[PDB]
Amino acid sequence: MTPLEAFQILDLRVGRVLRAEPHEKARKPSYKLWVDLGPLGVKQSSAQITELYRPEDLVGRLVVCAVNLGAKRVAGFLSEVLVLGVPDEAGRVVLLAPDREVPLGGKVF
């Protein structure tokens, strides 16, 4: 109930995309992603980051994800974590990332 508590409860981690594929089944343009979160292992995610990013661009890049939320299904694909982004002027999702390379599974603070 307290924004300070929510910050404490929410768990944000640095992960690296290992696999990105078109989420054809989904009505809303997205990608099926497989994210390496180090200690947390691999977690799936359906991200609507098709504008600005090509699956080939995602593979191997660092991303920051909300990991402890409940997993949900998207067009059959199970999305266990949320890849964080922010919209540009046109509303397109711009991904967040660490300034440089860092250990996977690292927690944001």
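Numbers for residues come from their place in the sequence shown, where the first is 1.
- Checked against the record, the higher mean CA B factor of 52-60 and 24-32 lies with 24-32.
- Annotation for 39-47 versus 72-80: the higher mean temperature factor (C-alpha) is found in 72-80.
- Among all modelled residues in this chain, the alpha-carbon of residue 104 has a temperature factor (C-alpha) in the lowest third.
- Residue-level temperature factors show residue 91 in the highest third of its chain, judged at the C-alpha atom.
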